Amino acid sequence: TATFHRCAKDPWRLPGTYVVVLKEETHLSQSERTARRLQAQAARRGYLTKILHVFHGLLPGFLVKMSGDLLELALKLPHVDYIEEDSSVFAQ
């Protein structure tokens, strides 16, 4: 059910950094456990990952620095609503 999204403006994409968005009523404790489970699964496969930030207050989820190869795996994690590749914003 989880979907993947990346910026439609190719020069604005920042691959390697993903925002993992969890289901609406997910708790901060569950978000943290989902991030650690992802890091554990990634390690068992030989990939280095970095949890840059865990979100709470607005949307549940976290920010991860990792190879795109883990996206299929990350989409299978519990509570995942969608994943979005990071992208650039500019002063208007």
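The first residue of the sequence shown is number 1, and the count goes up from there.
Between 55-63 and 42-50 (mean CA B-factor, as deposited), the higher
Higher mean C-alpha B-factor in the PDB entry: 42-50.
Is residue 84 in the lowest, middle or highest third of its chain when residues are ranked by C-alpha B-factor?
Its C-alpha B-factor belongs to the lowest third of this chain's values.
- Query: Ranked by Cα temperature factor within the chain, is residue 21 in the lowest third, the middle third or the highest third?
  - Reply: Tercile = lowest for this residue's CA B-factor.
Among modelled residues of the same chain, the CA temperature factor third for residue 36: Highest third of the chain for residue 36's C-alpha B-factor.
Rank-wise, by C-alpha B-factor, drop residue 1 into the lowest, middle or highest third of its chain.
-> Within its chain, residue 1 is a highest-third residue by C-alpha B-factor, going by the deposited values.
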